[PDB]
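1. Here is my input, please return the structure:
(6 chains, ligands or ions: 1)
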Amino acid sequence: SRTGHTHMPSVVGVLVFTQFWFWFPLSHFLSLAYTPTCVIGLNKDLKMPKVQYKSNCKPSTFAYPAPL
Amino acid sequence: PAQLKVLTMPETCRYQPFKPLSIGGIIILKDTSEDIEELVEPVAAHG
Amino acid sequence: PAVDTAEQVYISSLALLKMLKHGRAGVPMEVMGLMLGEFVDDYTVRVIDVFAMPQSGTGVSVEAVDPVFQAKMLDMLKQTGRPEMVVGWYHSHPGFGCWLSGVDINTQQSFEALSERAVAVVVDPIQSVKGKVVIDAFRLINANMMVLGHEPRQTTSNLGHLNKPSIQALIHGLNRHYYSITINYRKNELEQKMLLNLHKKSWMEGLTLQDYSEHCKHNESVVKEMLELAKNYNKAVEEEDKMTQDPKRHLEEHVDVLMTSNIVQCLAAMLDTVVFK
Amino acid sequence: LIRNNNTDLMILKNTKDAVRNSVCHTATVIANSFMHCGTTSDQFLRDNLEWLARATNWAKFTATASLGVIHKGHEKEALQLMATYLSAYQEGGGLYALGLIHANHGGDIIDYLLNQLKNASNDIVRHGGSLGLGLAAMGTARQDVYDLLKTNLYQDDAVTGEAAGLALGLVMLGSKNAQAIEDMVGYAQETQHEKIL
Amino acid sequence: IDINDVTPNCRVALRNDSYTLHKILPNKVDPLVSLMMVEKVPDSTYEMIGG
Amino acid sequence: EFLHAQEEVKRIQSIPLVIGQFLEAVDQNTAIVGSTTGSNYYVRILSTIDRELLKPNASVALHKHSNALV
Ligand SMILES: [Zn+2]
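-> Numbering: from 1, shown residues only, chains lettered A, B, ... in the order given. Provided below are the atomic coordinates:
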């Protein structure tokens, strides 16, 4: 996880997915290994308020891929 | 995740991070100024 | 309900030995026999044992099944304590690779009609030379499915594949008319030990001494060959250095054989001379 | 994710056009599942119906599981959503997809999955429900769930036994339950199905 | 392989029992005529001839 | 594991081989042979057969089924 603790859902999903060689239906287990790369701001009311973050880098190194 | 060591907010707006924008995930942005405090709409879950 | 490409035939060690023995015990004839075993659930064909069939004269075909013989031995083995159904049939194709001919397809079709999960096993005694056991297992495909276009055999797991189908079988219809099945072997530890007993070396052999006269003669042969190789090695290295291998490799082999043989015999000599007194 | 659902569809369309085999077909199914995972958007599947209809046998199971993964994290419309989306492979895949939607955080739907797995008739539905229950109860170590999964394992059928074992592992995850270890190891040493192994 | 590479009259290898052209062997040269070609020049020289 | 490999090589280099005539060296570890059976094949040369000693139209011995210039 973001702090350092081993992410049990992630490890379980990765292991079971790797165990697809013997059973394709297990391939979906990897779904558990996805961690949303989101930094979400929340306030006292617990309702996500409109806020603007600033990052100091070019708008090319972390942007979505070209649409092709 | 590499783009977390360098991440902040402009001119320290009404919302100030509780913990620096390096751990990431979810942050309880403390509020100082009182205003309308417009929320973000709950978009429908179909795409 | 379509068979997937994970079904596997677990041929017992006894079954394999009997099959190969019969093939080489009747080559060049197309020997035939039944395969007694038990389908487990849907993806296994556990061939416990095989079943030699008398030479029927008419090559290999349904006419060679001899139902009276088949049934009577079935009952008699069941009495002995071997109650298994007739899972598939094996028959050899001496020299001519592994695949099914027209008569083979007809016989396999009859077997499938009797029970549509049996198999047809092909063994080639001539090409199953030392170190290579060229055996194959096959089952037929249905014309209705083939015309419909749906693949003959489902693929739910990465197993079943991992094998390169022989071009011989491709030509003879490895997919147009039938399809191959993976062959696994149920090697029990006890059977593996009893097989090891074949070439297992007795303690006499282990602790004996090689003849000293022959030992000296072999040492001389190898040492003289090593001398010649050393001359060639010098020539090669000198010419290489002046300008700026096989002799070195042969020299290494000869030195290794000399060292191992001499040390082995000397140690055995001491073991014997202070064990037997 | 739904807000930042900036997926790409025409690359998937190109792969779909390039597919010829069932293996590649299910590969595209799973790839679309991954691409839309956590997005709850099933545009590609809801568009290419004939493509889904081409799926046969366990491909249907995999496709329904893909739908579940796409609807990962979407627990408000569960039950009714899966009923609306709708053979034995279809039902098993639906149960497994519901289990995947209700990931490690299970809870309410544990009793649901348990009841359907209990009163599931076909071994394929048993397999799907067992996998879904394993997903839902992963780490919870619920004794009732473990007992039901052990009962579903104590048979002789690869399709049921594989899912039963995997679900037993998921539910007993980390608990180190010595009784569970003994039971599963004994059944492994005694059974006669490599897939159950 | 290419058709423009298998332009006529060139030895080509064929896979067994399938006869699938899969190589461009060197142009045919009959054995017992291949060896009719001086590979090691004799040691004679015009300096060894007088008159 | 490297052992058993020399063994399998020496075993494929068996006794019942068939004699033939090595016609030309198409490329490294491969060549054209003509088996005394009366037909020409494009077969694979084993390793360590002294390519220097493998001159055109020489007498070679081939595997009985693979026809490799053993
Ligand atoms: Zn035959």
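
2. Could you give the number of residues near the residue nearest to residue C:127 when sequence neighbours are not counted?
-> The shortest distance from residue C:127 to any non-neighbouring residue, by CB to CB, 6 or more residues apart in numbering or on different chains, is to residue C:134 (4.9 Å). C-beta here means a position set from N, CA and C on the backbone, and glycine is covered the same way. Residue C:134 has 16 neighbouring residues, counting by other CB atoms under 10 Å in any protein chain shown.

3. tell me the contacts of residue C:134?
-> C:97-98, C:123-124, C:127-128 (CB atoms under 8 Å, 6 or more residues apart in numbering or on different chains).

4. Which single one of those residues is nearest to residue D:170?
-> Using CB to CB, residue C:98 is the member of the contacts of residue C:134 that lies nearest residue D:170, at 43.2 Å.

5. isn't there a helix covering the closest one?
-> No - read with DSSP: H, G, I helix; E, B strand; the rest coil, residue C:98 is coil and lies in no helix.

6. tell me the contacts of it?
-> Residue C:98 touches C:122-124, C:134-136, C:166, C:168-169, counting by CB under 8 Å, 6+ apart.

7. Look up the closest residue to the closest residue to chain E within chain F, ignoring the ones flanking it.
-> Per CB to the nearest CB, residue F:42 is where chain F lies closest to chain E, at 3.8 Å. Closest residue to residue F:42 apart from its sequence neighbours, by CB to CB, 6+ apart: residue E:13 at 3.8 Å.

8. circling back: for chain A, state which of the contacts of residue C:134 is nearest.
-> Nearest to chain A among these, counting by CB to the nearest CB, is residue C:98 at 26.9 Å.

9. what about stretch E:31-47 and chain F, any contact?
-> Yes - using CB under 8 Å from any CB of the partner chain, stretch E:31-47 reaches chain F at E:31-32, E:34-35.

10. ok but residue D:167 is inside a helix, no?
-> Yes - judged by three-state DSSP, residue D:167 forms part of a helix.

11. before we move on, which element is the nearest residue to it once chain neighbours are set aside in?
-> Excluding the flanking residues, the one nearest residue D:167 by CB to CB, 6+ apart is residue D:134, at 3.0 Å. Secondary structure assigned from DSSP states H and E places residue D:134 in helix D:123-137.

12. Centre of the chain to that helix, how far?
-> Distance, stretch centre to chain centre, for helix D:123-137: 7 Å (CA atoms, centre = their mean, to the nearest Å).

13. who wins for most neighbours among the residues of stretch E:31-47 next to chain F?
-> Tallying neighbours with other CB under 10 Å puts residue E:31 at the head of the residues of stretch E:31-47 next to chain F, with 15 neighbours.

14. Isn't it up against residue F:55?
-> No - with contact defined as CB atoms under 8 Å, residue E:31 does not count as touching residue F:55 (11.6 Å).

15. how close does residue A:45 sit to residue B:30?
-> Between residue A:45 and residue B:30 the computed distance is 13 Å (CB to CB, to the nearest Å).

16. Let me see the contact set for the residue nearest the centre of chain B.
-> Geometric centre of chain B, nearest residue: residue B:29, 5.8 Å, by CA atoms, centre = their mean. By CB under 8 Å, 6+ apart, the contact set of residue B:29 is A:41-43, A:49, A:51, B:15-18.

17. again, 6 Å this time
-> Listed by CB atoms under 6 Å, 6 or more residues apart in numbering or on different chains, the contact set of residue B:29 reads A:41, A:43, B:15, B:17.

18. what do you get for residue E:21?
-> The neighbourhood of residue E:21, defined by CB under 6 Å, 6+ apart, consists of E:12, E:14.

19. quick revisit: and the contacts of residue B:29, which is closest to residue C:13?
-> Using CB to CB, residue A:41 is the member of those that sits closest to residue C:13, with 67.9 Å.

20. quick one: furthest residue from the center of chain A?
-> Ranking residues of chain A by C-alpha distance from their mean position (CA atoms, centre = their mean) puts residue A:22 at the top, at 26.8 Å.

21. ignore the last one, chain C
-> In chain C, the residue that sits farthest from the middle, by CA atoms, centre = their mean, is residue C:242; the gap is 52.8 Å.

22. Figure out how far the helix or strand where that residue lies is from the centre of its chain.
-> Assigning secondary structure by DSSP H and E places residue C:242 in helix C:212-243. Per CA atoms, centre = their mean, the displacement of helix C:212-243 from the mean C-alpha position of its chain is 40 Å.

23. for stretch C:178-196, same thing?
-> Per CA atoms, centre = their mean, the centroid offset for stretch C:178-196 relative to its chain is 9 Å.

24. what sits up against that stretch?
-> C:7-13, C:137-138, C:140-141, C:152-153, C:160.

25. now, which of those lie within strands?
-> The members of those that map onto strands under DSSP state E are C:8-12, C:137-138, C:140.

26. so which pair among these is furthest apart in space?
-> Spatial extent of those (CB to CB) is set by the pair C:12 and C:140 at 24.1 Å.

27. Now the closest residue to chain B within chain C. Its backbone dihedrals?
-> Chain B sits closest to residue C:156 of chain C, with a gap of 29.8 Å, by CB to the nearest CB. Backbone torsions of residue C:156, given as degrees, to the nearest 10, read phi -100, psi -20.

28. That one: neighbour count?
-> For residue C:156, the neighbour count with other CB under 10 Å is 23.

29. Against residue D:131, how distant is it?
-> 14 Å.

30. mind listing the helices for chain D?
-> Listed in chain order, the helices of chain D (DSSP state H) span D:10-18, D:22-35, D:43-47, D:49-54, D:58-70, D:80-85, D:88-101, D:109-118, D:123-137, D:143-153, D:158-171, D:178-190.

31. Residue E:4 is nearest to which of these?
-> Closest of the helices of chain D to residue E:4 is helix D:10-18, at 28.3 Å (criterion: CB to CB).

32. Now do the buried residues in the closest one.
-> Buried residues in helix D:10-18, counted by 16 or more other CB atoms under 10 Å in any protein chain shown: D:12, D:16.

33. That helix packs against which elements?
-> Applying 3 or more CB pairs under 6 Å, 6 or more residues apart in numbering or on different chains; DSSP states H and E, one finds that helix D:10-18 contacts helix D:22-35.

34. Next, see if the helix it packs on gets close to chain B.
-> No - judged by CB under 6 Å from any CB of the partner chain, helix D:22-35 and chain B are separated, with a smallest distance of 12.0 Å.

35. what's that helix packed up against?
-> Packing contacts for helix D:22-35, counted by 3+ CB pairs under 6 Å, 6+ apart, involve helix D:10-18, helix D:58-70.

36. sec struct for the residue farthest from the centre of chain A, please.
-> coil.

37. List the contacts of stretch C:117-130.
-> For stretch C:117-130, contacts defined as CB under 6 Å, 6+ apart pick out C:9, C:19, C:23-24, C:27, C:39, C:45, C:87-88, C:90, C:92-95, C:98, C:108, C:111, C:134-139, F:11.

38. Pull out the buried members of the residues you listed.
-> Buried subset of these (neighbour count, 16+ other CB under 10 Å): C:9, C:19, C:23, C:39, C:45, C:87-88, C:90, C:92-94, C:98, C:108, C:111, C:134-139.

39. ok, now which ones touch residue F:64?
-> Counting by CB under 6 Å, 6+ apart, residue F:64 makes contact with F:16, F:18.

40. Name the single longest strand found in chain F.
-> The longest strand of chain F (DSSP E) is strand F:18-27.

41. Send over the next helix-or-strand element following that one as CSV, restricted to the C-alpha atoms.
-> Following strand F:18-27 in sequence order, the next helix or strand is strand F:30-35 (DSSP H and E). Extracted in CSV, the C-alpha atoms of strand F:30-35 (Å, rounded to 0.1, in the frame of the first residue of the first chain):
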residue,chain,number,x,y,z
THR,F,30,23.3,-28.7,-43.0
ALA,F,31,24.0,-30.3,-46.4
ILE,F,32,22.7,-32.2,-49.4
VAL,F,33,23.2,-36.0,-49.4
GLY,F,34,22.3,-38.8,-51.8
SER,F,35,21.3,-42.0,-50.0
